[PDB]
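Written below as structure tokens is the structure these notes are about.
All Cβ positions, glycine included, derive from the backbone under ideal geometry; neighbour counts span all protein chains shown. Basis: the model, the stated rules and, where named, an outside source; no laboratory read-out is quoted.
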Amino acid sequence: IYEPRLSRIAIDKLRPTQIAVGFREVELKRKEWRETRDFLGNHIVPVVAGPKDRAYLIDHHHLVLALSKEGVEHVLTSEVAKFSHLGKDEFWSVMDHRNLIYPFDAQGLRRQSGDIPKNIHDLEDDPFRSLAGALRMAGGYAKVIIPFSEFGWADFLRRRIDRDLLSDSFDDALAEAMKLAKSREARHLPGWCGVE
Amino acid sequence: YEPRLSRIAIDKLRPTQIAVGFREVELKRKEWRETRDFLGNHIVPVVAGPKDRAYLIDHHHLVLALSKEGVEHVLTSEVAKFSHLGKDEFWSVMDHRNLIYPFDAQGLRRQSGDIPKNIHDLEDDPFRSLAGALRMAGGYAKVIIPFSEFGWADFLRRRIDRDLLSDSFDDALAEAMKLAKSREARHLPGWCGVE
Amino acid sequence: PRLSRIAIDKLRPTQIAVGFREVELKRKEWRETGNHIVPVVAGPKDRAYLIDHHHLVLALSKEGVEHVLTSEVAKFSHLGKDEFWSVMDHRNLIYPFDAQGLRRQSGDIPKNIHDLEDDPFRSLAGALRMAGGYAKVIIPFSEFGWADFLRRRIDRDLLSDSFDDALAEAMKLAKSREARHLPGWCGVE
Amino acid sequence: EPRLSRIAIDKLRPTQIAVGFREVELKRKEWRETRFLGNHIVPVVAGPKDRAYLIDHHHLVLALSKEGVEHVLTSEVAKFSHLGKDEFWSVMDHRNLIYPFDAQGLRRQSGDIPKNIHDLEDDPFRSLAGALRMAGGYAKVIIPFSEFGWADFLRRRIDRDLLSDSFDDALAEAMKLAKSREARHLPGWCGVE
């Protein structure tokens, strides 16, 4: 019986696997959606079965918060791994070990597993996460297969662009980021894309 | 942020490989037959190709099983879009990315042109069946390398008489096993013996 | 990539613990018997960071080897300390866990090779692989994944007192559906 | 746990058919003033017989060869010496350590891989692709033979004449291309989304 299957869960029941997202990206998703008119072809979101019966969301937090904020109750899911034989301790370890969690808060601090929110509606806003998204969307770096590429870019920017620039003027913060992305200083980042 | 759910008729799915192991197909059939919306149904990865064509990217054993059991459609998920490309380039892109596997039932390389266009035209590669069976018996580990099993099928086809495989499969499996465990097979993915 | 050289006592580790039994075994090879090359990452200062082979490099150190060839596989020396560890972590090139599998912070990663803490479950998982327990694999820190699984299921005391006994137990857990979720699992499906 | 050795570069067996000569000419001029305690180590597979197969860096070794460097350090990173020859190529292909495409992008049998660096064919588009990445039109990436996939995309869209008779027009047309929607599917793509 050869693999993943469609299922269906209440968004209020998904367990997050990261502490933060960029609310700006969330809000853009919510516009797109607010402005589009069976089950074919809604979003499917990948998930892992954890302890008790719980499903842990593995990607697409922005989209899931967007949908949740739009009043959408359910989302299609596909279980891509089954760890429900583990206790909770072991589970988080295995997840951590397999790079399926990202316990970093809105100001980029490593935090413990227990600090990972239990409901989606508790994600924190990481404004550098939004900046790093927009940067990519602008052509500042490439998508790469590395997990949490964006969060790497967000940490780079956060040490280099003033938060006050970012709330004052997003596009000027973006313009800065764009000057930095291209500099030799960002050379060590995944997806880096400039003159050698 | 992106993936959506879709459907095709299986007769419209375009394969990306030439052979499968028919024993493994029959086991998947036997199962399906024996399990109890659209919730519960199988979903398979697919790349958008030239004209409007969906190309199945993994799970050929399952797709053929399902097709041989009469099942008319399957749930899919576009995971890449190359409809902007023309035929030649698409095919080349496909290989550059190892989304294709054009080796025939006797393990020989062929040209994109030789890839079947229905699931129903897949050849039987019996050493691919032996490799699956060897994995399930715990002769080596699953591993994320694409085509791990076919790499094993090749090892075995250089070493185990084809005939033995029809005469006694369990004998072919025991042979496979004693090779899986030895240093001869150490270069293979998922290798699992004494160091 | 091109080739260089440091004193071993100058190499910066990137993990807290290694399996001391495995280290002792590696000695006995090198001892009972084409120099060794080892990948390193250039960080803050000219400074060299060892990205693998801690067991082997420590074994060399304990045998009195002064130096070791090395191959620099990445510069990060334009970064401060902090950004550096952050990057290392994101790149998964650090394993900041101690002898009991406990997450410690990047600053608690030791500065010298002989400051490596001993984890016996790393040693047991080591041995389990060599015995056909599970498959070498591309996943990073794979043996530590196995050491965590064992450490929750085999008495530390049994491990310290009788290694064969622990390994027989580990063998039996390795082939069982409880281990199915681990990298390299090799059991009857 | 790898170890070092050297080989005569004649004795090293290649693993692809083509390199970009413009890229080899470059590595030669750069190399030219610098100035074994810090030489180059290059990754190699131990093959059937005692033969050693170059795993990357053909552009570089060709450059050495052509400045009369005789040996090179090497790190044996895989051992396939227990295999027959036929098996050996097949495992090579399976692990994507060979690139049997000639200077035209055309797929050739593994028999047609040259047995000496000095027979590497010139793929002008490979050189374009190298200069393109260097201009920052796309990005390095963990994927196997990326530059080549970009050679193959440019080879389809910019006639050969512009390459031989004017490198930079060529570089420039390449750049407008690497930023467009048209290249979205390439690894490293970096244009506006």
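Worth a mention:
- Each residue in region C:98-109 was checked for being in contact with a strand residue (DSSP E or B) (Cβ under 6 Å, 6 or more places away or on another chain) and of a type in the set (A, V, I, L, M, F, W, C), and 1 of them qualify.
- For D:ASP152, the test of being charged (D, E, K, R) and more than 19 Å from the chain's Cα centre (by Cα) is failed.
- Checked against the criterion of being in contact with a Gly (Cβ under 9 Å, 6 or more places away or on another chain) and among the polar types (S, T, N, Q), region D:97-107 contains not a single residue that satisfies it.
- Selected residue (criterion: nearest to the chain's Cα centre (by Cα)) from residues of region C:61-84 that are surrounded by 19 or more Cβ atoms within 10 Å (Cβ to Cβ) and either more than 28 Å from C:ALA147 (Cβ to Cβ) or facing chain A (nearest Cβ under 10 Å) (or both): C:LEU69
- Test: residue in region B:156-172 that is of a type in the set (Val, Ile, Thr) and outside the structural domain of B:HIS60 (by CATH): yes
- Enumeration of residues in region D:26-37 that are within 25 Å of D:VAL77 (Cβ to Cβ), within 23 Å of the chain's Cα centre (by Cα) and either among the aromatic types (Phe, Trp, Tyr) or surrounded by fewer than 10 Cβ atoms within 10 Å (Cβ to Cβ) (or both): D:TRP31
- Some residue of region C:100-111 being among the hydrophobic types (A, V, I, L, M, F, W, C) and facing another protein chain (nearest Cβ under 8 Å): no
- Residues (of a type in the set (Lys, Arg) and within 21 Å of B:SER112 (Cβ to Cβ)) located in region B:1-21: B:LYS12, B:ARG14
- The residue that is surrounded by the most Cβ atoms within 10 Å (Cβ to Cβ), counting only those in region C:85-100 that are aromatic (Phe, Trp, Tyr) and more than 18 Å from C:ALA42 (Cβ to Cβ), is C:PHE97.
- At least 2 residues being buried (at least 19 other Cβ atoms within 10 Å of the Cβ) and within 13 Å of chain D (Cβ to nearest Cβ) is the threshold, and among the helices (runs of 4 or more DSSP H) wholly inside region A:137-196 those reaching it are A:149-158, A:170-181.
- Scanning region C:84-111 for residues that are part of a helix (DSSP H, G or I) and more than 14 Å from A:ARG110 (Cβ to Cβ) turns up just one, C:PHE84.
- C:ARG27 part of a helix (DSSP H, G or I) and away from chain D (no Cβ under 14 Å): no
- Total residues in region B:48-74, condition in contact with a strand residue (DSSP E or B) (Cβ under 7 Å, 6 or more places away or on another chain), of a type in the set (A, V, I, L, M) and not in a helix (DSSP H, G or I): 5
- Hits in region A:1-24 - residues which are at the interface with chain B (Cβ under 8 Å from one of its Cβ atoms), outside any loop (DSSP other than H, G, I, E, B) and not charged (D, E, K, R): A:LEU6, A:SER7
- Test for A:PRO117: is it assigned by CATH to the domain that holds A:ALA55 and either part of a loop (DSSP other than H, G, I, E, B) or of a type in the set (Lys, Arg) (or both): yes
- Flag for D:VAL44 being part of a strand (DSSP E or B) and either more than 14 Å from chain C (Cβ to nearest Cβ) or over 30 Å from D:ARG160 (Cβ atoms) (or both): yes
- Reported count of residues in region C:40-60, each being surrounded by fewer than 19 Cβ atoms within 10 Å (Cβ to Cβ) and either under 14 Å from the mean Cα position of the chain (by Cα) or among the aromatic types (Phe, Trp, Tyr) (or both), is 1.
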